[PDB]
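*Asks:* Take this structure first; my questions come after.
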Amino acid sequence: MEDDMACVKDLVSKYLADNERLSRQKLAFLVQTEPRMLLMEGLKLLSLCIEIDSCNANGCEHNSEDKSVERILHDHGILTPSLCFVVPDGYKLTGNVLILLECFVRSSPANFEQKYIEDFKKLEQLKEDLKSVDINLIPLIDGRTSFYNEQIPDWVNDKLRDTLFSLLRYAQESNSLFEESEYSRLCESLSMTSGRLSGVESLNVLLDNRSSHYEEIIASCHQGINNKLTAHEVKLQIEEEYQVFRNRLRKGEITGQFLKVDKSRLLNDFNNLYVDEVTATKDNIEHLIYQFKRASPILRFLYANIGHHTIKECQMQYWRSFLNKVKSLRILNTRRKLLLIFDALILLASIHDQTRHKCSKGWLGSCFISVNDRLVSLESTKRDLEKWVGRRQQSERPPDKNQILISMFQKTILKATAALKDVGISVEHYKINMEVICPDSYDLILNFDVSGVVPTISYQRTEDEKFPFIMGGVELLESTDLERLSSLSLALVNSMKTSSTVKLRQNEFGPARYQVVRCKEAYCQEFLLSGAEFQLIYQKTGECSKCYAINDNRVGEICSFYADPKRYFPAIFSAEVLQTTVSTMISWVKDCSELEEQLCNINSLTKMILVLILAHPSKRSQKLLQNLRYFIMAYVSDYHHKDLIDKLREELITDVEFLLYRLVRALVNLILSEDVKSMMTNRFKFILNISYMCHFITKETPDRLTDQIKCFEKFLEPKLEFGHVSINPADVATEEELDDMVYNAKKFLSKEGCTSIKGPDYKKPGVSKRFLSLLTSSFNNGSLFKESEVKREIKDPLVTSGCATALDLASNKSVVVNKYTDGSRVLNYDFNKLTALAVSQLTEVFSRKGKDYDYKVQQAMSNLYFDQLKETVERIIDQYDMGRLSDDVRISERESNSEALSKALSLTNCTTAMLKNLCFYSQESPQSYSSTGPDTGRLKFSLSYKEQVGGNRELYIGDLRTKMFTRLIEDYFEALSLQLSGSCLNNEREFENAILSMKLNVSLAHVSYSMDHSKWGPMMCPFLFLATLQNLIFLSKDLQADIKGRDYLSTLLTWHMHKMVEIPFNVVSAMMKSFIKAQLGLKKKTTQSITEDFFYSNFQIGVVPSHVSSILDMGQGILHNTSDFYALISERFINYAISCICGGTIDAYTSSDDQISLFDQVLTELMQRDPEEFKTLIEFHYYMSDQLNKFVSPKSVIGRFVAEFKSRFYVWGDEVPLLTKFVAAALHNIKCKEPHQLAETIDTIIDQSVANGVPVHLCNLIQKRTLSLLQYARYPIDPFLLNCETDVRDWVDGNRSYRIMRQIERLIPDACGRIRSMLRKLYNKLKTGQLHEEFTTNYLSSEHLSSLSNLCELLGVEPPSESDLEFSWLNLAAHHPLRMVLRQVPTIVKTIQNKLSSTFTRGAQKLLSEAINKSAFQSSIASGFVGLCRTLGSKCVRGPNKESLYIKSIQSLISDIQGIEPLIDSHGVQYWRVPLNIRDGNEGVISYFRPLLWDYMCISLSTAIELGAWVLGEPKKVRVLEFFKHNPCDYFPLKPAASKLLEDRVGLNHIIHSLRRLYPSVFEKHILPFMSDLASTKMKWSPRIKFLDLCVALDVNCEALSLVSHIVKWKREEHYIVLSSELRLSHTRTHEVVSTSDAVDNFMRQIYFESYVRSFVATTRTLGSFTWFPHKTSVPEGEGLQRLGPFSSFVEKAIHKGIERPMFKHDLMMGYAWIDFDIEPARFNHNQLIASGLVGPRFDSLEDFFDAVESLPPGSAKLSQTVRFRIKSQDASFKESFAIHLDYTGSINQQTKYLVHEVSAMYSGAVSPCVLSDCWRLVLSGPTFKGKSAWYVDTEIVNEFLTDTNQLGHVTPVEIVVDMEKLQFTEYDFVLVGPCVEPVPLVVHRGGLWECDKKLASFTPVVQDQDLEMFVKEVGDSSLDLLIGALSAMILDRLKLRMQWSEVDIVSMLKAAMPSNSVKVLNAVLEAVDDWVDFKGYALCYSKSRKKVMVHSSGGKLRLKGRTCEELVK
RNA sequence: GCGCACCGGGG
RNA sequence: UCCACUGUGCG
RNA sequence: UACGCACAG
RNA sequence: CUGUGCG
């Protein structure tokens, strides 16, 4: 059929009219190979001809470039709002009348009317929007029936159509549904986007009122900056600067800022950090251990000597629980009497227990525990009861007190039983006894007295002599201290949930209330330790910081302290986790020979540090451990910043912090001593993980007001230092502030250095005119560009970056809303109201505590300079009692983004929701604008703070309009920066390349530079960006779009320059109160911080600082992409300058301010030879960075040992695990609301932890801790929460569903095997589409057990036994989800509609409203551990119809049936056995149970759909022989195994079209009114179609669980850092009767194996001679033809066709194909120049060279250029490349001018010339040859004619002038230069397919151990050298492709295959390879000097190729 | 024994 | 009455 | 499509 | 109106 295709191509070429506008599509037709793609292209060409003739007839010009209506109107100068994306075929504009023409061809009357109405509706969409801007739209639809046109004869058209359809029929028979519904829709699938308007140009809509201020600023930007310098001038200036800098540095007038690393000096500096506060320098370990156990009350309690009925339960506990549950009902008759009755009942129960068995529980001396966690005394209880009984007896008037008391007790108990029995539980659940009600209860409790200790609380620090226990009993090696800490932390956390009952009585009076308090009434929690019973006693409720005491019945007041209860969570139920963490950290350095005598001390120090940070979670204790990271990073480097030691020191207060510092110093001295030089990497990572312990403390702030004040000080201080602070700016700017802005703009550009007398001034904000000019000139003249950045023209970002939808700014994050008084928004606080509020607050706070000068003044002030305050307060309070005053001082409010967006959309009449519509085309929109902002007001931000691990950080919050404008700027700058290489902020491939380059640099021991910058945000300014932009030229030959783009961006940047920032209200109030106190003499003096001075100076004159505007600060992350772009260009220039000075080269990667720099061999050699020159080069780099307003942080390090980039460390070829960070992350209080959400969040966190080197043995412990936390809340553990016996493969190759499958298989083995077999067979049948009927509704949408049995028996396998079907699990919320406690249409169709309707205004409004409602509902739910515990056991279960029940009610109902049998495992997973004979009649409770087998089958099927079929195999545990003893710190990078390729991925289009073709009514009524001509119109076809339709039908019919969601998802590919020992001990799922996939895999493996033993030609017989070959099986379809690679297009078209022929190259292009071309820079010829009159001395610069070339005969200029074309197919495996060469002969005109006289064209490739001209026409479509783009010439030849090299870059921009007619080559001017050889059949050599001495494509399947074993057995038996060669070739080929052998164990494979010759074979193979090769958990190499094989190990001793290694065999 | 901008919190 | 702009990953 | 959490700038 | 639970 290739002949038919050739005939079609020839007839199309020689019969189609040669029209230029038809060429491009014609080019798309002559390159396709698939018959369906060829038919689509032919039909598209016919439609193009039809529409072009139609538009020519109607007069409308053709839309050849496919621009939208808005783009077309913009090109004509019409300003229109954002419109729906519609691309008309033709357009015509007449003044104000727009005519749009769309042409289509339909030969089916049924398929004709709907297209017409669809086009009419599409035009009516734009009609109203066009009318809104006063433009009349006249739709014009041209429908036809026949493909007849004047562009081609009718007969040839008919023949072409018939031949195309016949070829489609004859080529492949897969889907013959090409009726006039599919192919006609497929024809218009060429709606590729050419870019959309950004919306920045819409600023032209408003009036322009820019004035002298704007032009003055612009002139200041252009004052003394020259951006037209050549390379020679900038080179000279750089040389001068370097010479002067080096001279002044050597002479000593400039400081170094860098020091060479001296380990002894660093250790000495670290030891003397706090030299003025610690007495000694070399502490004793034993003395430190002695001091540790006696430092604080908590530490003393943890290590003190303390110590059957405890397990036993008495009546007191039962009565307390029952009374608590009853009181929960809140009878609320009278709280006092109810509490008295409860206390009396509890006392009676306690008396009964003591009388019976003499129990001592529930009593603490003379007090006992009441119902509501109340510790109360018996004296008050008996007195109150006697008084109440006497009053009642004397008011009822004969009955005595006992009778009335018993009557009241019985009445209360009866009422409680009646109120409790109704819901789900009677009194029998609480095993109470009614015997406690005695006939003489009143007399029994009236004479009862108990003696004991008195509970107390100490509010002040006292001596340590009062501790009643020995303080050193517990050892540090045991885990007793951790368990005690866990119990204490749980008590502290539970202390927060005590409800605030009636206020307790006053225990003390006066000052004695804060010295020692005897507790008569208090609150207490109970915890048991080692058999004892302790009470935590407090007096205050809530989450605030408070004082606690620990009491015991034997002796009271063990210890009292202060604590914040919400900081002690991580220690709860985590005692084994921390012990295992410490054990692993110690075992990391266990094999160090010099540390063998210090292991015990190291373990003790580590455990002491961990316990200390857990027990005392201080903020300032968190920063020392963080700075330890930078210390250890600088320790192993070569050079470091000289301010590192100053940065390390942090202020400390308490003695615990100093003890922590001493412990850290001792540990560092022990580890990093001078006589230990054995294992540097292990000690380095040990110290790093010690440093990372700071994550264990918290992230939330300790105090809010202090944090806000610190952040404001950080924000304000640098501005005050600079000298520009404008106070209270107005919407209408004043003259003085504008003058100040201009003056500071001039000052910012006046930085000087290295030339002035004073010299450089480091760490000063500003930029230098000289270096700014040099940077701009270097960018403009093209010396910063690479050869790969000029292959294509630069697109204009103004018309190539799309706009942002309104829903891109929608979230729950806060946003500011302004307050308007009458017509203008308020911007200033009121002084009088503020001071009145401050006075009121002072009086209130003194009244609550003050119960001397201070007392007199406060009591005088409470009666409302001094007279002014009196008058103001009297006038305000009387005429304005605190709530409204407090709310009337604020000047702004907060809300959500969604609410603001909905309010804005409510005021827009447009159809689409875009940012440009909201900004400009709105009812409340600006009319004009100025330099300071639009007329609606200046841009506004407000200050806030952030919670993080470390120091403070301020944040800016803007309103909606400022956010929109900032988003516009960010999008523009992101589009601008996307066109240059080296930025990793928005490019993950760049990040991967950076990581690979860093690893390669470290492996070669080159110098590396890790850099961060100090205060990147608060130092950058928008003025710097504006100045840089005003001097840059992007389109050097299109200076018309650049002007307007720069103007718009400059206006926006000036708006950002004139922003106003709002000070927080709390800060202002605090400062006002401080000022009032200080002015009155109450406060002290002296310190008087600068911020306080500023506030006081403003207050004295009577001004409240409300807003501050300055030129210096740029928001924290507000302008991120602009900063990234500036950093990129600045670093490029700095590297260029460094390369100009020295001879070396630097490769740099930056993201925002983090940077990694890699030096080449030259710089490393220079460092090794000439240290002074290297150091001064570093100095010059620092100086140049400082000159460009970039300050290097003291955290930067230069060295050859360790590299790091964005927290990814690499040391000497090893991976650095981050264990402590993620261990601490997984142990924190995650804010969750339901158990399943918590379980999945913990699972995600544990997966992330496993990805970062945490062993699974500890992740299992973390999961067990989470399950224990769930069990504490008394929640049943279903088998769908967590898996606690996972392996490495469970996390690397499996998702959550796979883990659930593993757990279910573990629970019930020997029963899931039959289910797996049935599922395997069913999936195999379904993939071929076999049944597709029974599974739809007969089984899936039906009953469960019977349908499961029927499905199992249908396939021919044995059904599960009756015992298996009884297994079930208790599914709570089986009807409605759980009801949390508040403290204050098919689903697929809905999802599609939500995705598609997000662009339109109405759909956006609906989505915003529903999201607002959902967020409001969610935000009022109690979260955290306390909230989750309170929610559970609080009537959370929803009943059948509508009711709420306790979990205890359900459990009791289940317990009332004797057939249900519970079953539990070791880990606590509980399931049930429910026989089928009791499933009828008791339907009330059986509805909560679900069978396990059905859920297992569903989950397994979904996992097989998502991951692959391998999950259906039989799992097994392998017994692997261990041959090498790995070090406990030997890690390995691993890649998850993938099985889904790019052609198996399903997108939105497939689902939409399936819905259209399956449910036309639903598609028409839900999807149709939301369809535009967007990318959704594209129709792509995949082999997975029938199965996708089945899944869509299943999802539509039933909404139980999603099934199509698992198809649009794939397994992520990413590195995992795992342990070798754990990796080698994982389970395996093998695959096992003929399957198409198995057959094709076997065939591919056979071909791959036989490709190395011998070579053969890929004929039709050789491929058919193999045993495994799909000889036209029953159901091949496309499932078996896609896993074939290059042969996929051959066997279907040649093997299964009765055709005998060899395979050629043309049978290697599968899928849709398209071409892409690149233009290389032109090159000179050395010989031609030298033989034309250019002989003599070399020239000084490029200008001299061009002048010399100019003075030549007019034909002496000869250049050569090459254009490279590449054809790529949809199945990207082989690209067809060719090229065309152009020789230009002409003369060089004045300077940068090139006049072309003659052009010669040649070509080289394997492409027929019949299409070449067309390809050339494509090149003529670009603006390069039209003079609208830059033309570049290579500089390699030019450097041979220059005296001074290292002066130019790689390209030079030279404009070219040439007539267009000379460039129109037509099919005959091209002359071939290649060999012109006939096509040759391919040869199957090693690896892949080889052409004639050229490797085109390669195939490489996956090889297992069995296949390699059998291949070795087959090959090595014949000969050994052949086996060696084959193995070496395979290893080298796979290593060249960057692949790992992580699925094969070569050592054991060779041991098993060849028991006696494994060593020699391995040695020979590795010697042949001679490189590091990664295998299944280990890497091997061969050493030349020592003729052996080395294995990589961190515990090794030898060095080899940049890795530590040791001998494999001893 | 909290916070530890002197200023807050701790029946 | 309180917490911003981005990037990666998962549900 | 949203929402929620972890890590990083 | 909502917890009494130490694997």
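Chains: A, B, ... in order of the structure tokens. Residues: from 1 per chain. Ligands: from 1, in order shown.
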Pick out the chain A residues within 7 Å of chain D. Count only C-alpha atoms (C1' of nucleotides). Give them as number ranges by chain.

*Replies:* A: 1152, 1241, 1245, 1391, 1394-1395

*Asks:* Skip residue 2000 (chain A) itself and residues of its chain fewer than 4 positions away, then list as a PDB file with C-alpha atoms, in the first residue's frame all residues within 8 Å of it, counting only C-alpha atoms (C1' of nucleotides).

*Replies:*
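So the final result, stored in part26.pdb, reads:
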ATOM      1  CA  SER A1983      40.229  -0.890  40.315  1.00  0.00           C
ATOM      2  CA  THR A2004      34.498   5.661  48.996  1.00  0.00           C
ATOM      3  CA  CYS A2005      34.843   1.925  48.444  1.00  0.00           C
TER       4      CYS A2005
END

*Asks:* Neighbours of residue 1989 (chain A) within 8 Å (only C-alpha atoms (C1' of nucleotides); same-chain residues fewer than 5 positions away dropped), as a list in words?

*Replies:*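 Counting only the stated atoms, we get residues 1963, 1966, 1980, 1981, 1982, 1983, 2007, 2008 and 2009 of chain A.
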
*Asks:* Could you tell me how far CA of residue 1827 (chain A) lies from CA of residue 1799 (chain A), in Å and to one decimal?

*Replies:* 16.7 Å

*Asks:* Counting only C-alpha atoms (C1' of nucleotides), which residues in chain A sit no more than 8 Å from chain B? For each one, give the nearest pair of atoms and the distance in Å, sorted by chain then residue number, as a Markdown table.

*Replies:*
| residue | atom | partner | partner_atom | distance |
| --- | --- | --- | --- | --- |
| A:296 | CA | B:1 | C1' | 7.1 |
| A:297 | CA | B:1 | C1' | 7.6 |
| A:460 | CA | B:1 | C1' | 7.8 |
| A:461 | CA | B:1 | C1' | 6.1 |
| A:503 | CA | B:11 | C1' | 7.4 |
| A:504 | CA | B:11 | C1' | 6.3 |
| A:505 | CA | B:11 | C1' | 7.3 |
| A:506 | CA | B:11 | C1' | 6.4 |
| A:507 | CA | B:11 | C1' | 7.8 |
| A:539 | CA | B:11 | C1' | 5.7 |
| A:540 | CA | B:11 | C1' | 6.6 |
| A:544 | CA | B:9 | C1' | 7.5 |
| A:545 | CA | B:2 | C1' | 5.8 |
| A:546 | CA | B:10 | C1' | 5.0 |
| A:547 | CA | B:10 | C1' | 6.1 |
| A:561 | CA | B:1 | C1' | 5.5 |
| A:562 | CA | B:2 | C1' | 5.2 |
| A:563 | CA | B:2 | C1' | 5.3 |
| A:564 | CA | B:2 | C1' | 6.5 |
| A:702 | CA | B:3 | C1' | 7.1 |
| A:703 | CA | B:3 | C1' | 6.7 |
| A:706 | CA | B:5 | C1' | 5.8 |
| A:709 | CA | B:5 | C1' | 6.3 |
| A:710 | CA | B:5 | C1' | 6.7 |
| A:1074 | CA | B:7 | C1' | 6.7 |
| A:1083 | CA | B:6 | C1' | 7.8 |
| A:1084 | CA | B:6 | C1' | 7.4 |

*Asks:* Taking only C-alpha atoms (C1' of nucleotides) into account, report as a ChimeraX atom specification which residues of chain E lie within 6 Å of chain A.

*Replies:* /E:2-3,5

*Asks:* Residues of chain C within 6 Å of chain A, counting only C-alpha atoms (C1' of nucleotides) - could you list those as a PyMOL selection string?

*Replies:* chain C and resi 4-5+10

*Asks:* Neighbours of residue 1 (chain C) within 12 Å (only C-alpha atoms (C1' of nucleotides); same-chain residues fewer than 4 positions away dropped), as a list in words?

*Replies:* residues 883, 886, 887, 890, 893, 894, 1065 and 1066 of chain A

*Asks:* List every residue of region 93-209 of chain A that DSSP, applied to the backbone, labels as alpha helix (DSSP H), and write the result as a PyMOL selection string.

*Replies:* chain A and resi 113-132+154-171+183-187
